[PDB]
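Q: My questions all concern the structure below.
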Amino acid sequence: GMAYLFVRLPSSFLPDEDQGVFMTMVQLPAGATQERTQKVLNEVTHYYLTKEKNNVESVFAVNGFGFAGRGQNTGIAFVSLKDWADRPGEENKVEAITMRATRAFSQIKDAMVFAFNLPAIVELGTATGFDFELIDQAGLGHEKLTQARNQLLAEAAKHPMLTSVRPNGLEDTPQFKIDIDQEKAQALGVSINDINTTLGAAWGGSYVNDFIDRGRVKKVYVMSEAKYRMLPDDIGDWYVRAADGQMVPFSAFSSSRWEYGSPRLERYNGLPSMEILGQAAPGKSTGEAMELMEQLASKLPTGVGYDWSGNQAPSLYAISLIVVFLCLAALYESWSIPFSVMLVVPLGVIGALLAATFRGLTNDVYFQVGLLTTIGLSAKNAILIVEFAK
Amino acid sequence: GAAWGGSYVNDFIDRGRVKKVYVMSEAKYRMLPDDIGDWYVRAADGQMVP
Amino acid sequence: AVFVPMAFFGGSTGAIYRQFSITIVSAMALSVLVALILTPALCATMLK
Amino acid sequence: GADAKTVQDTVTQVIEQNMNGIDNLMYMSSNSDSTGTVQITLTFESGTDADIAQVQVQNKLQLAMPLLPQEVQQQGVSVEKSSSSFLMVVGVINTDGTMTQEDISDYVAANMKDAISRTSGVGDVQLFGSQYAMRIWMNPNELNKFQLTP
Amino acid sequence: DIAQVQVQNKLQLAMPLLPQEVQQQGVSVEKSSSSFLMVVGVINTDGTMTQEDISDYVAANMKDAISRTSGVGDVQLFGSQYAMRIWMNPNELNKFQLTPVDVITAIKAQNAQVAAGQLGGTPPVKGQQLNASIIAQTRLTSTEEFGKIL
Amino acid sequence: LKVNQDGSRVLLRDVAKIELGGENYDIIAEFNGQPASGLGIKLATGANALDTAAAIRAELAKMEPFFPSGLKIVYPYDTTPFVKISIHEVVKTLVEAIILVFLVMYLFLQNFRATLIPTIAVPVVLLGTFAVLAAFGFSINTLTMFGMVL
Ligand SMILES: CCNc1cc2oc3c/c(=[NH+]/CC)c(C)cc-3c(-c3ccccc3C(=O)OCC)c2cc1C
């Protein structure tokens, strides 16, 4: 019974608990604007300000900065809750706060908003979860990797003893491509240098020089009024100086067409790559799902490669069996005593598991050391029964 | 300099990885001291100079 | 004989299993030392 | 200005290829954004001295520095200690003499921000806004009717 | 570890005192060991390639990772990585009236990546629905593309 | 910029709107629906954690009194009080464990003198661990504190 109460008991690393502070991020679809995401960020801040008055002390919404990266598609809201004394119930605890919040954000919205407890541990080591990465080993392009990534994400979902796999956040938004006819340029009499800094400084911005403001040195930037750089039709408004002292429209040498590109290109170990964030089955755990993902990566097209208690305990504890026998003979010579104490180990541990199996506890770090402490007290209890009697 | 020794002009992309663009000349035009005269330079008056 | 062998840590779970053992391993040595010097002395000096 | 396909092989790949010969290392990761921003993280083995681990990557970088665009060279190249988790997020608001979420953003970065990142081994300080800059908004029609370019 | 830094950070004060041809070239500071240990030979048998096709592929798949892996001072390449090689003809330059200066300037203009902005830029007008990045000039890919430079 | 034939002066103000605006408009912060900015302090790999956040006098308190009309500090997302409560709950457990031990000692030894040796035996042992762990490099960590309790 001691074995079954231990093998069937799930394994975790460190318990995630209330910290009086949590956060929530926003993710908008392909090519969304600052005005679009602010509308969603406003709704997130208010659910905390009106439907969570007794919990939330202060909010801190940020527009344009997520944790996957940054941009007009991203967003975050830092939350600071009222002190634990004024938050008595379990519903007033982060675990239940982030529950009904996600429920609300998944319902009365059209984008992607979550909520999570801050992993008091570290970014790494979630238990029953992994970080997969698909590498381009050959000379295949990003578009070719995308399809192989799509095939990997499909096959794991096709036959999931299941899985929970999703991409990192590459989206794939359309990009406005401009082709400048090189022959037409020098024919009309414009320098390619001039055209490049015309489009670059007007639509993106240019670091011109530094200036002084109230003592401190700051930067001088040049761009343009928004209205002249909002739509693809605004390209024609910009006229460039030619060698014959006259103006030339963009539409003369330019060519307007849309293209399919990616907002971010991930690179793992000097090669183009795409990260796959997936978790293990609701039944299985890491080691199983990890090797049950590597076989799917091997069943992919050519030129496509991959890279990623614990195994710790099986070792450590074995030495704990060797040093005991020595120290149980370093004061107790026989080959009789070094077997008397050896029994108190699972004598107490059964109840140690029982109390954790009965309650909502799991095989975490404190429990793993709560075992050896119990064993230490069990050894004490046993040794006195031997030392006195001997 | 660019004809006899080589010149690091710019960088280009080849199969994903970024590589370099070099400019020089066919060996036969830079083998002997007599090959120096083959190179003609542009002057301000729009004509070639040996 | 069960703590320091388990304090042989590793990876991210380094200090985690390490710190706990040595904290109580030192405490064991100090408790034993106290129970070898101070506790016996205090027990002899004034008990009944 | 640059797109994700630009920064990937004019800033990133230049650094990626010129990133070798470092004692202790597991892997390297990169994110080339469309905002024209790239950041490369290098993870070392547990227990490795971060003081020297910083140098090795930042002094090998400064050999690909002249292999980068001068727009990037005059921009913020930074090598810092990673910790993807905030601790002190100090909010600065106004009540009486009302100012904008840009007037504060400048004053925070022109009185405090400079000292904070320096004070007591802070890896990097995040600015929630921007410091003031001499902003010029060019008019294309007004450039044409006078015959001028940016 | 520190002995390296001291010489490499004092060097980087004479860096702008050097030719720009040297500045864009490989300045390197590494750990000395005038003795090889692992000299891994890479040959071809079936799909026959030259002692230049291999030299490139070795330096475009392996070499980059090796020097980085497990504190390797420097990695020696027995050959060279591929480069866009152009062999100029002096007679063909004359009969058209041109110089290598014009050739370099042609590549330094037609073969480049240009940082173009985006629709719905950093500061938009409150009410925009679209945000897409602009693509301008891109570094050339093949030999055919380099052949068609005006 | 220019002086057109008729002696007409062309200035930057004529062709472009000039204002003292932000360097970056990509990110905007709102504290409880109110326009704001701030500082998000990120840790350094191997920094003193709570000691960095408590490295004070400072850490911006010399900026705290020199603010103009309206400018005020506020504190969202903070680690500090959690550390303040983690120690307090552990030290409270420590004292509770002594008092509860004191009763069991009295409930078995009716001698008040006897229920004093174990009461004054273990407070010394704890400080010993505080002295030993300090000599080994260990701090008052979340673990080492539970280690005292365990
Ligand atoms: C039961 C443990 N008892 C200990 C007794 C000790 O006694 C010491 C006596 C000394 N007398 C000089 C003749 C010197 C110099 C260092 C000592 C150290 C010591 C050694 C290395 C580094 C730091 C310290 C140290 O304790 O200093 C930290 C403040 C030390 C350490 C421990 C653990």
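Labels for the structure tokens follow display order: chains A, B, ..., residues from 1 in each chain, ligands from 1.
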Which of stretch 201-298 of chain A end up as strand (DSSP E or B) when DSSP is run on this backbone - answer as a VMD selection string?
A: chain A and resid 206 to 213 216 to 222 239 to 241 247 to 249 256 to 260 264 to 268 271 to 279
Q: Using N, CA, C and O atoms, can you export the residues from the last selection as a compact mmCIF listing (two decimals), in the first residue's frame?
A:
# COMPACT_ATOMS: atom_id res chain seq x y z
N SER A 206 13.92 58.90 -38.80
CA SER A 206 15.36 59.03 -38.97
C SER A 206 16.02 59.72 -37.79
O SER A 206 15.60 60.79 -37.35
N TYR A 207 17.07 59.08 -37.26
CA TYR A 207 17.90 59.66 -36.22
C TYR A 207 18.84 60.68 -36.85
O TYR A 207 19.91 60.33 -37.36
N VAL A 208 18.42 61.95 -36.83
CA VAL A 208 19.15 63.02 -37.49
C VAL A 208 20.36 63.47 -36.67
O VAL A 208 21.51 63.28 -37.08
N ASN A 209 20.09 64.08 -35.51
CA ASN A 209 21.13 64.64 -34.65
C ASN A 209 20.70 64.68 -33.19
O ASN A 209 19.60 64.24 -32.85
N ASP A 210 21.58 65.19 -32.32
CA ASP A 210 21.26 65.38 -30.91
C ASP A 210 21.17 66.86 -30.56
O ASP A 210 21.94 67.68 -31.07
N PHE A 211 20.22 67.20 -29.69
CA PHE A 211 20.03 68.57 -29.22
C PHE A 211 19.96 68.63 -27.69
O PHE A 211 19.80 67.60 -27.03
N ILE A 212 20.08 69.83 -27.14
CA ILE A 212 20.05 70.03 -25.69
C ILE A 212 18.71 70.60 -25.23
O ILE A 212 18.22 71.59 -25.78
N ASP A 213 18.12 69.94 -24.23
CA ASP A 213 16.86 70.38 -23.64
C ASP A 213 16.96 70.39 -22.12
O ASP A 213 17.09 69.34 -21.49
N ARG A 216 19.97 68.42 -20.16
CA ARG A 216 20.13 67.06 -20.67
C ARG A 216 20.08 67.00 -22.19
O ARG A 216 19.23 67.64 -22.82
N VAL A 217 20.98 66.22 -22.77
CA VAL A 217 21.04 66.02 -24.22
C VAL A 217 20.01 64.98 -24.68
O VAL A 217 19.97 63.86 -24.17
N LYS A 218 19.18 65.38 -25.64
CA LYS A 218 18.16 64.50 -26.21
C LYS A 218 18.32 64.38 -27.72
O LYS A 218 19.21 65.01 -28.30
N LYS A 219 17.47 63.58 -28.36
CA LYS A 219 17.59 63.29 -29.79
C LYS A 219 16.64 64.11 -30.66
O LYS A 219 15.59 64.57 -30.20
N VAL A 220 17.02 64.29 -31.92
CA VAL A 220 16.18 64.95 -32.92
C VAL A 220 15.70 63.92 -33.93
O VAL A 220 16.50 63.25 -34.58
N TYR A 221 14.38 63.79 -34.04
CA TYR A 221 13.77 62.83 -34.95
C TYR A 221 12.96 63.52 -36.04
O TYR A 221 12.30 64.54 -35.80
N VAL A 222 13.01 62.96 -37.25
CA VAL A 222 12.23 63.46 -38.38
C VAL A 222 11.35 62.35 -38.96
O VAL A 222 11.80 61.22 -39.14
N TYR A 239 6.87 63.41 -53.25
CA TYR A 239 7.56 63.72 -54.50
C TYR A 239 9.05 63.94 -54.27
O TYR A 239 9.44 64.66 -53.34
N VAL A 240 9.88 63.33 -55.11
CA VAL A 240 11.33 63.37 -54.96
C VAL A 240 11.99 64.27 -56.01
O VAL A 240 11.55 64.32 -57.16
N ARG A 241 13.05 64.97 -55.59
CA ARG A 241 13.81 65.87 -56.46
C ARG A 241 14.68 65.09 -57.44
O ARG A 241 15.42 64.19 -57.05
N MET A 247 10.24 67.81 -59.75
CA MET A 247 9.68 66.78 -58.88
C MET A 247 9.22 65.54 -59.62
O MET A 247 8.74 65.61 -60.76
N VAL A 248 9.39 64.39 -58.97
CA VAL A 248 9.00 63.09 -59.52
C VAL A 248 8.15 62.33 -58.49
O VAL A 248 8.58 62.14 -57.35
N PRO A 249 6.95 61.91 -58.89
CA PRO A 249 6.08 61.11 -58.02
C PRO A 249 6.63 59.71 -57.75
O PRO A 249 7.45 59.22 -58.53
N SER A 256 3.28 48.93 -56.48
CA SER A 256 2.57 48.58 -55.25
C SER A 256 1.96 47.17 -55.31
O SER A 256 1.19 46.86 -56.22
N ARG A 257 2.32 46.35 -54.33
CA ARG A 257 1.81 44.98 -54.20
C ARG A 257 1.98 44.45 -52.77
O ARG A 257 2.97 44.76 -52.10
N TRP A 258 1.02 43.64 -52.33
CA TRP A 258 1.05 43.05 -50.99
C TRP A 258 1.74 41.68 -50.99
O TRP A 258 1.64 40.92 -51.95
N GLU A 259 2.44 41.39 -49.89
CA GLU A 259 3.19 40.15 -49.75
C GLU A 259 2.96 39.51 -48.38
O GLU A 259 2.63 40.21 -47.42
N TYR A 260 3.14 38.20 -48.29
CA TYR A 260 2.95 37.47 -47.04
C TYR A 260 4.26 37.24 -46.30
O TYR A 260 5.13 36.49 -46.76
N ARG A 264 7.71 38.31 -36.73
CA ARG A 264 8.95 37.94 -36.05
C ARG A 264 9.50 36.60 -36.53
O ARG A 264 8.75 35.65 -36.75
N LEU A 265 10.82 36.54 -36.70
CA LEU A 265 11.50 35.32 -37.13
C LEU A 265 12.44 34.82 -36.04
O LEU A 265 13.49 35.41 -35.79
N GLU A 266 12.04 33.72 -35.40
CA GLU A 266 12.82 33.13 -34.31
C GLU A 266 14.06 32.41 -34.85
O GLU A 266 14.04 31.84 -35.94
N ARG A 267 15.14 32.45 -34.07
CA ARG A 267 16.40 31.82 -34.45
C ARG A 267 17.05 31.11 -33.26
O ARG A 267 17.52 31.75 -32.32
N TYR A 268 17.07 29.78 -33.33
CA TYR A 268 17.67 28.95 -32.28
C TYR A 268 19.00 28.37 -32.75
O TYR A 268 19.05 27.60 -33.71
N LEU A 271 20.47 29.25 -36.50
CA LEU A 271 19.65 28.76 -37.60
C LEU A 271 18.18 29.15 -37.42
O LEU A 271 17.70 29.23 -36.29
N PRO A 272 17.47 29.42 -38.53
CA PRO A 272 16.04 29.75 -38.47
C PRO A 272 15.22 28.65 -37.81
O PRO A 272 15.37 27.47 -38.14
N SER A 273 14.35 29.04 -36.88
CA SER A 273 13.60 28.09 -36.07
C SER A 273 12.22 28.60 -35.67
O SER A 273 11.92 29.79 -35.81
N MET A 274 11.38 27.69 -35.18
CA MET A 274 10.05 28.04 -34.67
C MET A 274 9.72 27.25 -33.40
O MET A 274 9.72 26.02 -33.41
N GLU A 275 9.46 27.98 -32.32
CA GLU A 275 9.23 27.40 -31.00
C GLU A 275 7.79 26.90 -30.84
O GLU A 275 6.83 27.60 -31.18
N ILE A 276 7.66 25.68 -30.31
CA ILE A 276 6.36 25.08 -30.04
C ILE A 276 6.15 24.92 -28.54
O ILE A 276 6.84 24.12 -27.89
N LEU A 277 5.21 25.68 -27.99
CA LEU A 277 4.89 25.60 -26.57
C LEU A 277 3.71 24.66 -26.32
O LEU A 277 2.55 25.01 -26.56
N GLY A 278 4.03 23.46 -25.84
CA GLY A 278 3.02 22.45 -25.57
C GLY A 278 3.17 21.81 -24.21
O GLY A 278 4.27 21.77 -23.64
N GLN A 279 2.06 21.31 -23.68
CA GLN A 279 2.04 20.64 -22.38
C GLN A 279 1.78 19.15 -22.54
O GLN A 279 1.26 18.71 -23.57
Q: Could you list, as a count of residues only, all the residues within 8 Å of ligand 1, counting only C-alpha atoms and all ligand atoms?
A: 5
Q: In stretch 93-245 of chain A, what's helix (DSSP H, G or I) per DSSP? Answer as a PyMOL selection string?
A: chain A and resi 94-105+142-158+182-188+192-203+226-228+232-237
Q: Could you tell me which residues of chain B sit within 9 Å of chain A when counting only C-alpha atoms, and give me the result as a list in words?
A: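 Output check: residues 15, 16 and 17 of chain B.
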Q: Which polymer residues have any atom within 6 Å of an atom of residue E:83, counting only C-alpha atoms, with same-chain residues fewer than 3 positions away left out, as a list in words?
A: residues 19, 20 and 21 of chain B
Q: Could you write out the selected residues, including N, CA and C atoms, as a PDB file, in the first residue's frame?
A:
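So the final result, stored in result_5.pdb, reads:
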ATOM      1  N   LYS B  19      26.360  36.151 -46.472  1.00  0.00           N
ATOM      2  CA  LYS B  19      27.741  36.031 -46.929  1.00  0.00           C
ATOM      3  C   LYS B  19      28.227  37.350 -47.535  1.00  0.00           C
ATOM      4  N   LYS B  20      29.487  37.379 -47.964  1.00  0.00           N
ATOM      5  CA  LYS B  20      30.112  38.607 -48.458  1.00  0.00           C
ATOM      6  C   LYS B  20      30.154  38.703 -49.983  1.00  0.00           C
ATOM      7  N   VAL B  21      30.211  39.935 -50.486  1.00  0.00           N
ATOM      8  CA  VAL B  21      30.367  40.199 -51.914  1.00  0.00           C
ATOM      9  C   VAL B  21      31.764  40.761 -52.169  1.00  0.00           C
TER      10      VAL B  21
END
Q: With only C-alpha atoms counted and 6 Å as the cut-off, give the residues of chain A in contact with chain F, each with its shortest interatomic distance in Å and the pair that gives it, as a tab-separated table.
A:
residue	atom	partner	partner_atom	distance
A:21	CA	F:77	CA	5.8
A:59	CA	F:32	CA	5.0
A:60	CA	F:31	CA	4.6
A:61	CA	F:30	CA	5.1
A:62	CA	F:29	CA	4.4
A:63	CA	F:28	CA	5.2
A:64	CA	F:27	CA	4.8
A:80	CA	F:76	CA	5.2
Q: Store the residues of this selection in a file with N, CA and C atoms, as a PDB file, in the first residue's frame.
A:
ATOM      1  N   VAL A  21      -0.106  40.001  -5.852  1.00  0.00           N
ATOM      2  CA  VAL A  21       0.145  40.655  -7.132  1.00  0.00           C
ATOM      3  C   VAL A  21       0.123  39.600  -8.243  1.00  0.00           C
ATOM      4  N   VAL A  59      -4.559  48.880 -10.575  1.00  0.00           N
ATOM      5  CA  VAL A  59      -4.215  48.261 -11.857  1.00  0.00           C
ATOM      6  C   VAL A  59      -3.162  49.105 -12.586  1.00  0.00           C
ATOM      7  N   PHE A  60      -2.471  48.489 -13.545  1.00  0.00           N
ATOM      8  CA  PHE A  60      -1.448  49.171 -14.334  1.00  0.00           C
ATOM      9  C   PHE A  60      -1.432  48.644 -15.771  1.00  0.00           C
ATOM     10  N   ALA A  61      -2.316  49.197 -16.598  1.00  0.00           N
ATOM     11  CA  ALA A  61      -2.457  48.777 -17.991  1.00  0.00           C
ATOM     12  C   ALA A  61      -1.369  49.373 -18.880  1.00  0.00           C
ATOM     13  N   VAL A  62      -0.845  48.553 -19.787  1.00  0.00           N
ATOM     14  CA  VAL A  62       0.195  48.969 -20.729  1.00  0.00           C
ATOM     15  C   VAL A  62      -0.191  48.552 -22.150  1.00  0.00           C
ATOM     16  N   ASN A  63      -0.194  49.525 -23.058  1.00  0.00           N
ATOM     17  CA  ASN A  63      -0.593  49.310 -24.446  1.00  0.00           C
ATOM     18  C   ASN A  63       0.609  49.289 -25.390  1.00  0.00           C
ATOM     19  N   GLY A  64       0.904  48.111 -25.934  1.00  0.00           N
ATOM     20  CA  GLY A  64       1.950  47.959 -26.932  1.00  0.00           C
ATOM     21  C   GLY A  64       3.133  47.117 -26.490  1.00  0.00           C
ATOM     22  N   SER A  80      -2.319  44.863  -8.809  1.00  0.00           N
ATOM     23  CA  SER A  80      -1.925  44.881  -7.406  1.00  0.00           C
ATOM     24  C   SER A  80      -3.177  44.754  -6.544  1.00  0.00           C
TER      25      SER A  80
END
Q: For residue D:72, please output as number ranges by chain all residues within 10 Å (counting only C-alpha atoms; exclusion window: fewer than 6 positions along the same chain).
A: A: 207; D: 7, 10-11, 36-37, 65
